Enquirer: 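If you scroll down you'll find the structure; I have some questions about it.
Note on naming: letters A, B, ... go to the chains in the order of the sequence lines (proteins, then strands), and numbering restarts at 1 for each one. Values below: every heavy atom of this structure, side chains too, minus hydrogens, waters and symmetry copies.
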Amino acid sequence: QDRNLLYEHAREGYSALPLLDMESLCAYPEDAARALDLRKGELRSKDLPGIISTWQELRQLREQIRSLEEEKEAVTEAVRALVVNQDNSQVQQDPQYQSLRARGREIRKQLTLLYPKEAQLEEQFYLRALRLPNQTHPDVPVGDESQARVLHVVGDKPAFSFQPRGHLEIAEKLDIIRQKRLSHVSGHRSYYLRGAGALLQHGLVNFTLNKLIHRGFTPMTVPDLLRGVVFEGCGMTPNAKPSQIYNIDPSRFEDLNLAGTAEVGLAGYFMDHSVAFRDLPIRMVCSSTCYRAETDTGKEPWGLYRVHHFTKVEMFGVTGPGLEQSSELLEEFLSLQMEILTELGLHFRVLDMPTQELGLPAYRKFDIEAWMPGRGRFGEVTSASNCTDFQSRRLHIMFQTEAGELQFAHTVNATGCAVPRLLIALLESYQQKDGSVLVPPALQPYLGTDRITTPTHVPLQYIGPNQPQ
Amino acid sequence: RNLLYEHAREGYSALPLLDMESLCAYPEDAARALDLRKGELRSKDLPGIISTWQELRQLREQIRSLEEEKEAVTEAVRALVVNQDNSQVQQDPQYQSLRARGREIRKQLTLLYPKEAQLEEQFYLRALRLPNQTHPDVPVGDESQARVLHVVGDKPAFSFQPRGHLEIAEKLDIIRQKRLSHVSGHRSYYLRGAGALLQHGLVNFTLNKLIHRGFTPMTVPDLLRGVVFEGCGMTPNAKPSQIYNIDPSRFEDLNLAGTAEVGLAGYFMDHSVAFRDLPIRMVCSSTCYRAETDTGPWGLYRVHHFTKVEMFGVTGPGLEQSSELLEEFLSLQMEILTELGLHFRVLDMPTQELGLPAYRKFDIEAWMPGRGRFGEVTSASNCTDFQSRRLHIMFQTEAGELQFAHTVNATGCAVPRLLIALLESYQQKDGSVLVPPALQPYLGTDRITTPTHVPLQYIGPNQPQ
Ligand SMILES: Nc1ncnc2c1ncn2[C@@H]1O[C@H](COP(=O)(O)OC(=O)[C@@H](N)CO)[C@@H](O)[C@H]1O
Ligand SMILES: Nc1ncnc2c1ncn2[C@@H]1O[C@H](COP(=O)(O)OC(=O)[C@@H](N)CO)[C@@H](O)[C@H]1O
């Protein structure tokens, strides 16, 4: 179905309709069309005129409706004013019986038709307008992913005296990651972390949480299962065709979906509420389990590069009246990501993402790719996006001055630490010839050792039927 | 259909190996034990189950005899042809007699094979619904018959009427549940500030303690196939299931676990561990999801999502080992709750409250002043070989033979109700909440007070103004 969750949500009266800045769009349609085309998303410049026109038609329809409503209360007076005036038996057939009372039922007849038309026009507008992307920062590089601009390169490739191995091989030998023999247990791409592997995840998560909490971020825990409206509000797609979002059985539980990032739950917390101006900027940090269907995306059958479940610590910000505040907060979040990766001793590159890779909600987006020796490639480990007022206008995330005046806040989100790919980068960058893996000083307090070595336990032995004999 | 049987039908694993010889040997003891649990099956069902099993063994013997006779016939034919050395052997009365019996045998087998598959399924579909054995000392009866084994601490004294955790938390803005119906649904919540620090602290305090006591930390998938749940003694298909399943029309056989116990069992499934490593002690922190359709609207006592650190064990050749491990897990739970400064009581759960997989089950209830009663905060169960026989969780003996291991599970710390007990036990008259020394390193304070931020204000259309 093409039913928009934000619109349906509003239709039921659960929240108000999203408040889009049509004044700006109608004032500068040419600029909007050009930026729209450069994103190469669903909607293109050819679609804009129709969207603007539907909005304009709706505005006039509402003007016509109001006009007819006011006129009805004017005709109701042509009768009310005549209940104690010549109301013997004259009014029942006076010259003002027809033409001044028959035009009262004609108005009712019209309004009964216009109200439904208004609803139809309104849905027509939102179904399309809500698929329009956010504006684009003037400095965003134009083009596909390959056009990303390298802003910083930190460190250099680790040098080995042997061919670096992949993280899965390294981990299986140390029995800290397991993916084999799980198709009928937990499915493809699923995995278990054991011993030092689990300690590595706990260490990464706690190192990151500790750092951010110490830096003034408010810790939060959010629901993992959320209604589709929240995803739509964030600029995600609960159900495009192959959808990245897992949904709970609709025949058993109504509208429940697993989030692919704590960003969803965090946005849901602020939905329909206002924060105090004095508290801006609001900085929050949240660790949660993320779920992603990963359909039609990169083929990564083995290894932790594109898994269905993983833990991620998320940074989320709600700020000021405008761009200066949100742009600065994005810069702050990025600097924190760089600090985390630098302290982990990883080689990485910071990228200014191009127009076709911003998505729908992003105005500006900075990603960081970490060098992964075994994979032999730079791989994205974090993303940071300034969504300006795209999410706030859809989910009504406001800020309030001391006086009570409400304005749309801006929202910013950024990866604090996504475990899977950091495990890849760490295991592959710190691997030793003998198969052991050195532990970065920053994580040693969590690992209780400076080197991960072969375990004492005997690895599990498969005793099932599906084996050669 | 039974997920365990289907799983085997597809050849993904062998069929569960139930201890029928023990059952058939002492059907009377099993009969009374079954009735005392007052579960699905009762004494009036054992005779049928035992009969089907016997009919199945006989059918298999009959099939074996026929398959063996078929070979004997084929050999008699080969020997006849070689012995007669004639171009017209087909016309020999004996040759035709053997060939006829050969075709008859094959016909009879075409009848027995389908019957065998049928009986086998009928047996498992019913036999798999039988509970584990029951420990001799288990108290008989319903929950009211739970036996108090020990009590630790004393009820806190207040100079005022203790308030409930939600009121306390909303005032401090550390828990939110209001206006979430269309965001995350009923019985969902957010923890903020000190509230989130409390969860972080509880989880880390428990994880650190257990890791330092020798438990191997683990991370498990949260989405698993139905077979693993069934193997643990849970019910993904009991119509009103407490297990959330991913939309079947989009993704096949994927379910959210209500405890890391499921994933941990899935790890050992179809594998064998070395005897020298027993007992295997693992600890795992995971997000748990429970539909709680049966019953429950406000408060954290019964929610749909929560974080829980789980203890899981795989041990020795028999009962002595699994029993001692359960005791070990219980003692650890008591240490954790005592160090958090909570008042609690240990219970030996009764026959009707063991469920299907448990042989022995100890629960701990913590005093919750605001609630005005004790509430279960942990459970610990010895499942002996109930899960292992269903998921083939083995161990290799000294001699080098495979035997079914025993599994044990226990709550390390379940956050929701611990928050209730902590908030309600340490609340102060002015609304602040004192922090237990053990949790102070994680909270950075000895007292949780009113937050600095201005609480969020609802600005939606559904309000008077
Ligand atoms: N299938 C998968 N397997 C392994 N790692 C994956 C993954 N999908 C995403 N990630 C990791 O999570 C980080 C997040 O995602 P993005 O989805 O880019 O950001 C957001 O979610 C924003 N809320 C900021 O974090 C990525 O940069 C990547 O390292
Ligand atoms: N809906 C809910 N809301 C809040 N807390 C809940 C809950 N369902 C269960 N719990 C908490 O998690 C612990 C777990 O469960 P049980 O299901 O008893 O055990 C097992 O799972 C075994 N694997 C041992 O932990 C319980 O003792 C209880 O404190």
Enquirer: What distance do B/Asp270 atom CG and A/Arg181 atom CZ have between them, rounded to the nearest 0.5 Å?
Expert: 8.5 Å
Enquirer: Which atoms of A/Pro465 are under 4.5 Å from chain B, going by heavy atoms: the side chain, the backbone, both sets, or neither?
Expert: side chain
Enquirer: Side chain, backbone, both or neither: which part of A/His308 has a heavy atom under 4.5 Å from chain B?
Expert: neither
Enquirer: Checking heavy atoms, do the side chain of A/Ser287, its backbone, both or neither come under 4.5 Å from chain B?
Expert: neither
Enquirer: Non-hydrogen atoms of chain B under 4.5 Å away: do they reach the side chain of A/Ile213, the backbone, both or neither?
Expert: side chain
Enquirer: At a 4.5 Å cut-off on heavy atoms, which part of A/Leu209 comes close to chain B: side chain, backbone, both, or neither?
Expert: side chain
Enquirer: Taking side chain as everything from C-beta outward and backbone as N, CA, C, O, which of these in B/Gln457 sits under 4.5 Å from a heavy atom of chain A? Side chain, backbone, both or neither.
Expert: both
Enquirer: Among B/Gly263, B/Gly444, B/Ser188, B/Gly195, single out the residue with the greatest number of heavy-atom pairs under 4.5 Å to chain A.
Expert: B/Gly263
Enquirer: Checking an interface table here. Which of residues 399-406 of chain A come within a heavy-atom distance under 4.5 Å of chain B?
Expert: A/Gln400, A/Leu406
Enquirer: Using heavy-atom distances under 4.5 Å, tell me whether A/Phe253 contacts chain B through its side chain, its backbone, both, or neither.
Expert: side chain
Enquirer: Is chain B contacted by the side chain of A/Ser183, its backbone, both, or neither, given a heavy-atom distance below 4.5 Å?
Expert: backbone
Enquirer: For the interface with chain B, which of A/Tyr291, A/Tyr191, A/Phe217 has the highest count of heavy-atom pairs at distances below 4.5 Å?
Expert: A/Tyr291
Enquirer: Counting heavy-atom pairs under 4.5 Å with chain A, which one of B/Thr293, B/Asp222, B/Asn255 comes out on top?
Expert: B/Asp222
Enquirer: B/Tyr267 and A/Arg178: which non-hydrogen atoms are nearest, and at how many Å?
Expert: O-NH1, 2.7 Å
Enquirer: Which one, A/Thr456, A/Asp279, A/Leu226, A/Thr218, leads in non-hydrogen pairs under 4.5 Å with chain B?
Expert: A/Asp279
Enquirer: Which bit of A/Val275 is near chain B, if near means a heavy-atom gap under 4.5 Å: side chain, backbone, both or neither?
Expert: side chain
Enquirer: Which one wins on heavy-atom pair count under 4.5 Å against chain B: A/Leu258, A/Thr311, A/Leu395, A/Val264?
Expert: A/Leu258
Enquirer: To the closest 0.5 Å, what do you measure between CG (B/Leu223) and CZ (A/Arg189)?
Expert: 14.5 Å
Enquirer: Calculate, to the nearest 0.5 Å, the distance between atoms CG and OG1 belonging to A/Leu199 and B/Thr219 respectively.
Expert: 9.5 Å
Enquirer: Just how far is it from atom CG of B/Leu191 to atom SG of A/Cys286, taken to the nearest 0.5 Å?
Expert: 9.5 Å
Enquirer: With a 4.5 angstrom heavy-atom cut-off, could you sort out which part of A/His457 is near chain B: side chain, backbone, both or neither?
Expert: both
Enquirer: For the candidates A/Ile282, A/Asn206, A/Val229, which exhibits the highest count of non-hydrogen atom pairs separated by less than 4.5 Å from chain B?
Expert: A/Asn206
Enquirer: Any idea which of B/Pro240, B/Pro248, B/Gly231, B/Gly460 has the most non-hydrogen atom pairs under 4.5 angstrom with chain A?
Expert: B/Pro248
Enquirer: So which heavy atom on B/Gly266 is nearest to which on A/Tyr192, and how close?
Expert: C-OH, 3.5 Å
Enquirer: For chain B, which residues from residues 6-17 of chain A have at least one heavy atom closer than 4.5 Å to it?
Expert: A/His9, A/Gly13, A/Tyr14, A/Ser15, A/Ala16
Enquirer: Just so I understand: if I count every heavy-atom pair under 4.5 Å between each of B/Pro451, B/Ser272, B/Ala274 and chain A, which residue has the most?
Expert: B/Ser272
Enquirer: Would A/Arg252 and B/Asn245 count as having a side-chain donor-acceptor pair, cut-off 3.5 Å?
Expert: no
Enquirer: Answer yes or no: are there more than 12 heavy-atom neighbours, outside A/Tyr446 itself, under 6.0 Å from its atom OH?
Expert: yes
Enquirer: Name the member of A/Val307, A/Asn210, A/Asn239 that forms the most heavy-atom pairs with chain B at distances under 4.5 Å.
Expert: A/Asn239
Enquirer: Counting only heavy atoms closer than 4.5 Å, note whether A/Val230 contacts chain B via side chain, backbone, both or neither.
Expert: side chain
Enquirer: Under a 4.5 Å heavy-atom cutoff, which of A/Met398, A/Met271, A/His184 has the most pairs with chain B?
Expert: A/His184
Enquirer: Let me know if A/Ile176 has heavy atoms under 4.5 Å from chain B in its side chain, its backbone, both or neither.
Expert: neither
Enquirer: Are A/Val458 and B/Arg276 close enough that some pair of their side-chain heavy atoms sits under 4.5 Å apart?
Expert: yes
Enquirer: At a heavy-atom separation under 4.5 Å, does B/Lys178 approach chain A through its side chain, its backbone, both, or neither?
Expert: neither
Enquirer: Got A/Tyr246 and B/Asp247 here, is their nearest side-chain heavy-atom distance under 4.5 Å?
Expert: no
Enquirer: Would one find more than 12 heavy atoms of other residues, nucleotides or ligands at under 6.0 Å from atom CD of A/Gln467?
Expert: yes
